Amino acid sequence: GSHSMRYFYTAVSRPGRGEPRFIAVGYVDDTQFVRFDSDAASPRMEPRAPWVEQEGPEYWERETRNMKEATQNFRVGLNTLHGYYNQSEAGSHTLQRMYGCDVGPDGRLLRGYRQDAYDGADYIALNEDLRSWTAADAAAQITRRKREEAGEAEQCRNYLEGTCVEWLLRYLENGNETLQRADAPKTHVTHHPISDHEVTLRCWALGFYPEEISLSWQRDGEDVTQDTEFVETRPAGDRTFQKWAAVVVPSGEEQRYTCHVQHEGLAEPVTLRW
């Protein structure tokens, strides 16, 4: 269907304990394929998915170069912004960036994004029209100016429309046997008696991809209220995901309850029972 490639930058200052550490991860869809950590003994961009390993030495030399240059730049960002806000020399401060591009089923650019964040809050983002900036505050507007006068937006649009999309398609191509494929959840129900009067019914979905999923409990064919105990969808470590949903039920009325699961990898919604 539709696909995305995204990069996540993070710079964290550590006053009186070294220079700010810089970390980056690349994703295509729900699949990380790339990483960089400036505290690594030999800071290099590194493969976290099979279909990028094939890339040539020129590629990696290039990516590592950007990462090292990004750590330098973001370190300035931290120092520059720290001044704007006139903050104490006390504790740590953060500068994040997320950028990338979405391509539709046809394979054309749906939209580009390039957001920045200071201390975990929106700071300045490139607008969906890839031409103007949105400043969140007094400081960000100073930054806004600098970028307008320098023509930063145009350069960003170049990469987002062109380079970003090209790479994305290439990766989709080179890693099609896993990127294009959806894995169905393996579902089951567990039975955890609370007391002689109540029991917990927990509905598991395991080993699925991508992470988007829907679990739900019904009684007699109608929804539950109230209510289902979820857990946030969590990685298994093997590139698939996990989720469960539980309900307390009258000890003896287990039959009234069915679990309902919907996921891309299922030809059709599934219905489980105890």
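One rule holds for the numbers: they count along the sequence shown, beginning at 1.
- As recorded in the PDB entry, 224 to 232 is the stretch of 34 to 42 and 224 to 232 with the greater mean C-alpha temperature factor.
- Just going by the entry, 160 to 168 versus 116 to 124 on mean CA temperature factor gives the higher value to 160 to 168.
- Per the PDB record, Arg111 has a higher Cα B-factor than any other of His93, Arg202, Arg75, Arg111.
- Across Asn79, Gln180, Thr71, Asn86, the greatest Cα temperature factor reported in the deposited entry is at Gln180.
- Sort the modelled residues of the chain by CA B factor and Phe241 lands in the lowest third.
- In the PDB entry, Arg131 places in the highest third of its chain by CA B-factor.
- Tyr209: CA B factor in the lowest third of modelled residues in this chain (values from the PDB entry).
- Sort the modelled residues of the chain by CA B factor and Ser216 lands in the middle third.
- In this PDB entry, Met98 carries a Cα temperature factor that places it within the lowest third of its chain's modelled residues.
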